[PDB]
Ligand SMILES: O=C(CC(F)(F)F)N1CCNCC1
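Coming up is one lone chain in structure tokens, specifically the form deposited without the ligand.
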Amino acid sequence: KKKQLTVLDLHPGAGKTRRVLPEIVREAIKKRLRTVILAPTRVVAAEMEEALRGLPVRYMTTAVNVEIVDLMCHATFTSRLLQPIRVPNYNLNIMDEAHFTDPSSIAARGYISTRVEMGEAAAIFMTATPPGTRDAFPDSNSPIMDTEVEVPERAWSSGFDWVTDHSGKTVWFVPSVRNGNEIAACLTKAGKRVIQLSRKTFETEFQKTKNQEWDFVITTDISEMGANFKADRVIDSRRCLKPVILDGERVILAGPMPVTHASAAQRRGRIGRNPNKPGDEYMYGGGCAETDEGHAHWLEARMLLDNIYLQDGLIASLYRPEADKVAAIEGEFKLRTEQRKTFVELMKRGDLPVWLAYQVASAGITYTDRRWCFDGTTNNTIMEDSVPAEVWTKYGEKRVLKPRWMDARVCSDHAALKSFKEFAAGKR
């Protein structure tokens, strides 16, 4: 029904995606409701075509090889809202894995919930862990053995025999890509077969969990968003890096620090999913805390939402239960037409973090002008192998990487640094 936002918060594995979602879609088709289904990732979008097989759904992603029901990724929806492209005023908005804390997912939730509040649409947010969840140990299809235990975050030689004595398969949530690299190298030296997953490698590398033999999957928090494993153990550091905007001028990666209860419940929720296989184990290495408070993703969500047309001059609010996570003045990030296009291109083609893309576009810099990558303060020098990183500019001059605005996420691992060096050199 219109003006209704429903939170479908069945416990993990209860069947929200494979049982309830197809029933909702069939009903929406019957009622001739223009409907959008929002999948967190391309991998999950492919899994949804399997669950929705038969039904007339337009899949707006090349991730599926195959209507009044559209399916697209969370980020695609928000990106299309930001661009001149026409987006239907969907009568029914279904967000699967609606706990995703990516800035584009938060922004989408704010847009959708505002259209519902205005009485223009209906929405269903599907997630075991709605915003504000305080339960890290929800129900599961089969019982879980929960154990609080010290979990290594560096290479080890002794004192953690329980890690390597296990003969099943383990999903291990690490605080960072670099921390996961070190743990992976340690496990590999101990004779284990390890697959590593992160945000930017997920679609490629996740397939290895089906196609290869493995003993451990080392993953950051991307695997909290519908990623399905045939494991019988989760090792959870219970730690994450928190992007924080410091003194309004830079972004640091603070911590590692506790994950939220929702994140911990989602990580544990990778196991206990088979009602016929009890005895899955969850080993956790710390407590939870509300570390989404002040987390840059919710500031970045407001930067996105301030630039989405809703109606005349109105600006969509964040979804009420997560609106308190950021201190921001509504509309303070609204950009005019040309600066907004630069903003969008810096985020898409530029592959820059939202906060950084905003600093560049709001300064009046055009997308291809990379002088700002070199004219920052000395304290903004980016290091590679303990020496200042250097690139050849598009002019042919070798220069130290020293961006005017420093966002730790452009150089937090080797791959991110490689990408930002390519950006500073004008190569995309």
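One rule holds for the numbers: they count along the sequence shown, beginning at 1. If you superpose the two forms and keep the largest set of C-alpha atoms that fall within 1.5 Å, you have the rigid core.
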item	value
Segment of greater CA departure in 8 other deposited structures of this protein, 336-344 or 106-114, core superposed	336-344
Greater root mean square CA deviation, 208-216 compared with 74-82 in 8 other deposited structures of this protein, core aligned	208-216
Size class of the missing deposited segment between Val66 and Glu67	4 to 9
Of 290-298 and 260-268, the one with larger mean CA B-factor	290-298
Entry-level comparison of average CA B-factors, 199-207 and 318-326, reporting the higher stretch	199-207
Given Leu52, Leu401, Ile37, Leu33, the residue at which the Cα B factor reaches its maximum	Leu52
From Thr368, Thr41, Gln359, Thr377, residue of greatest CA B-factor	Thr377
Chain third (lowest, middle, highest) by recorded CA B-factor, residue given as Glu47	highest
Assigned third (lowest, middle, highest) for the C-alpha B factor of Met303	lowest
Chain-wide C-alpha B factor ranking for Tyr309, given as lowest, middle or highest third	middle
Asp247 - Cα temperature factor, lowest/middle/highest third of chain	highest
Chain third (lowest, middle, highest) by recorded CA B-factor, residue given as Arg239	middle
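Only in words, not in the display: the form deposited with the ligand bound, which the text now covers.
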item: One stretch from 186-194, 155-163, 171-179, 346-354 that, in the deposited complex, holds residues within 4.5 Å of the ligand by heavy atom; value: 346-354
item: Partner proximity in the deposited complex: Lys334 to the ligand, non-hydrogen atom cutoff 4.5 Å; value: no
item: Residue contact check: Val410 to the ligand in the deposited complex, 4.5 Å heavy atom; value: yes
item: 4.5 Å heavy atom contact, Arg428 and the ligand in the deposited complex; value: yes
item: Heavy atom within 4.5 Å of the ligand in the deposited complex - qualifying residues of 104-130; value: none
